[PDB]
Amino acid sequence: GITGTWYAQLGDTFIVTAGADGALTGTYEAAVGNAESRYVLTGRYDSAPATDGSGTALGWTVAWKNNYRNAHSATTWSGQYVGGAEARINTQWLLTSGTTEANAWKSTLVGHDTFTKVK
């Protein structure tokens, strides 16, 4: 299932719960251990996916502010959960920083990340 602890290619970890209603709620930790690198995450998923072998669509956001740090930026991940033995969540993400109007053209990075339940 989606609920659990997930690991990114380069060590990021996130813990999420998938609610009956389609909610995602949890915490995203940018660096292994370390209280100062944990951030709130919230999102949504398709709680009644197709039964044709497709994945389950989802997305979530982290604003990079906690009680210790603020990067004045937020990342959204959009993707799907693929169940099985080696369950995976495959994503593409957008990272937007607060900018002046003149710098808005360079406000947003794009990338991709794959998460697995194994370290």
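The numbering used is simple: start at 1 and walk along the sequence shown.
With 18-26 and 96-104 compared on mean CA B-factor from the PDB entry, the stretch scoring higher is 18-26. Legend: mean Cα B-factor per stretch from the PDB entry, 110-118 versus 4-12; the higher mean is in 4-12. Looking at 37, 61, 70, 56, the one whose CA carries the top B-factor in the deposited record is 37. Residues shown: 43, 84, 49, 79. Highest C-alpha temperature factor in the entry: 84.
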